[PDB]
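Asker: Below you'll find the structure I mean.
FYI the Cβ positions are ideal-geometry reconstructions off the backbone, even for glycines, and counts take in every protein chain you see. Values quoted throughout were computed directly from the atomic coordinates according to the rules given, and no laboratory measurement underlies them.
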């Protein structure tokens, strides 16, 4: 089984620099980087067999260690338009997970996590006033995945807010504990917020 | 460089019925070897793209047999027979006949199902948030179909437009429904000076708005 694992990424201000990478498991292989944003869709940027999209020539350097099966993309002097989710893509069959890259004058800000309490009961968590995306939300460390809705974050006044709802039988809350687990890696935040009845 | 054109939204499709997604290339992808270098990817909600079809008509490993594709060198159609709720996602066409490699804009496969009224829930500010000095009222309108929905907030019966933050999910992969979150944020000082907060949801499944409210005095 071929697997493409990628990492690095994060936030920098315009002008900043970042090296991302991925490793293939499972010599004979071309590797490319494709970035995704809502405003430009999927955009191929660079490939090593090196070739670079016109928009990032002189800013990006794609490279590989054939030993380690570990290809890198060095992203120097980054621009706000370089913001997006970057995929390792082995043309044409395999994609990585995607690492987020944010270039913005706005600085890292951790979330405030707030519990939302009132047959079936709905509860939720409010993850407010953070930067940059992403945060991840879990309920009871994964035990509740069915009946969870985590909404897309929305940027307002240079901070993101998201919310998540979970619906469970009334016979399971508050008699049993319900907890939203929130992580925001950019700020080394991890919180486990109990939903207590009011 | 090659422009790959697809529409943003498919014709909607009932479960168990057949779907099609069109794509056009600006340059022909059919070569002298008789092979057309066209590829299809699905990007399921939350996930990366995954390969469905290679060389126009070949089914990728582990892809359901209900998917198929065919076309000329410039016009292609991905077809999905007996559509399942898990087929929901964004489908991309792509070529590999030159650099830059380019993709279509992605076509969202739109599943059509039975109507469903939203489950509405409202929540006052937590003691935690109130200690920070802010006060958010939240309304979830969950698992509804069709996707269009309107939410209005009242404070003490008067409509409040400012301080409202709305978000929408994509079509759910399991039940084919949609959900919305609406948050009204205020300061603790304003919050403690009004008594009733109301979220009202108009959806085609009821001529009357569904309304949830709470009153800080009970």
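Asker: Based on the Cα atoms of the range A:106-198, what semi-axes does the equivalent ellipsoid have, where each is the square root of 5 times one gyration tensor eigenvalue, given in whole Å with the largest first?
Answerer: Three semi-axes, in Å: 25, 12, 11.
Asker: If I take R0 = 25 Å and measure r between the Cβ atoms of residue A:187 and residue A:74 in this structure, what FRET efficiency does the formula 1/(1 + (r/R0)^6) give, to the nearest 0.05?
Answerer: With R0 = 25 Å, the Cβ-Cβ based efficiency is 0.55.
Asker: Over all residues in B:132-142, what is the mean tally of Cβ atoms on other chains that come within 10 Å of each residue's Cβ?
Answerer: 4
Asker: I've got another one for you. Can you give the Rg and Dmax of chain A based on its C-alpha atoms, in angstrom?
Answerer: 19.9, 61
Asker: Further, regarding this structure: Per-residue counts of other Cβ atoms within 10 Å, averaged by peptide: what ranking do you get for A:119-125, B:157-163, highest first?
Answerer: Most protected by this proxy first, the peptides run A:119-125, B:157-163.
Asker: Let me ask something else. What is the gain in length, in nm to one decimal, between residue B:75 and residue B:55 on full extension, counting 0.36 nm per residue of separation less the C-alpha to C-alpha distance?
Answerer: 5.9 nm
Asker: Continuing with this model, one more query. Count, for each residue of B:38-46, the Cβ atoms from other chains sitting within 10 Å of its Cβ, then give me the mean as a whole number.
Answerer: That average works out to 1.
Asker: If you project the alpha carbons of the range B:114-218 onto their three principal axes, what span does each projection cover, largest first, in Å?
Answerer: Result, largest extent first: 44, 27, 25 Å.
Asker: A further question follows. What whole-number distance in Å separates the alpha-carbon centres of the range A:142-198 and the range A:38-116?
Answerer: 28 Å
Asker: Among B:17, A:138, which comes first, second and so on when ranked by fewest other beta-carbon atoms within 10 Å?
Answerer: The order, fewest Cβ neighbours first, is B:17, A:138.
Asker: For chain B, what does the equivalent ellipsoid look like in terms of its semi-axes, each the square root of 5 times an eigenvalue of the Cα gyration tensor, given largest first in whole Å?
Answerer: 47, 18, 13
Asker: Along each of the three principal axes of the Cα atoms of the protein assembly as shown, give the extent in whole Å, ordering the values from largest to smallest.
Answerer: Cα spread of the protein assembly as shown along its principal axes, largest to smallest: 78, 49, 37 Å.
Asker: Something else now. Using all Cα-Cα distances in the range A:1-105, what percent lands in each 10 angstrom bin from 0 up to the longest?
Answerer: Histogram of Cα-Cα distances, whole percents per bin: 16, 53, 27, 4, 0.
Asker: Shifting gears a bit: Would you calculate a helix-derived [θ] at 222 nm for the protein assembly as shown, using -39,500 (n - 2.57) for each DSSP H run of n ≥ 4 and dividing by the full residue count, to the nearest 500?
Answerer: So the calculated ellipticity at 222 nm is -500 deg cm²/dmol.
Asker: Moving on. Any chance you could run the full-extension gain for residue B:193 through residue B:164? It's 0.36 nm times the residue separation minus the Cα-Cα distance, nm to one decimal.
Answerer: Gain on stretching residue B:193 to residue B:164: 8.6 nm.
Asker: Still on this structure: Which whole-number percent of Cα pairs in the range B:172-218 have a distance greater than 18 Å?
Answerer: 51 percent
Asker: Which whole number gives the average count of other chain Cβ atoms within 10 Å of the Cβ atoms across peptide B:120-129?
Answerer: Taking the mean over all residues of the peptide, I get 6.
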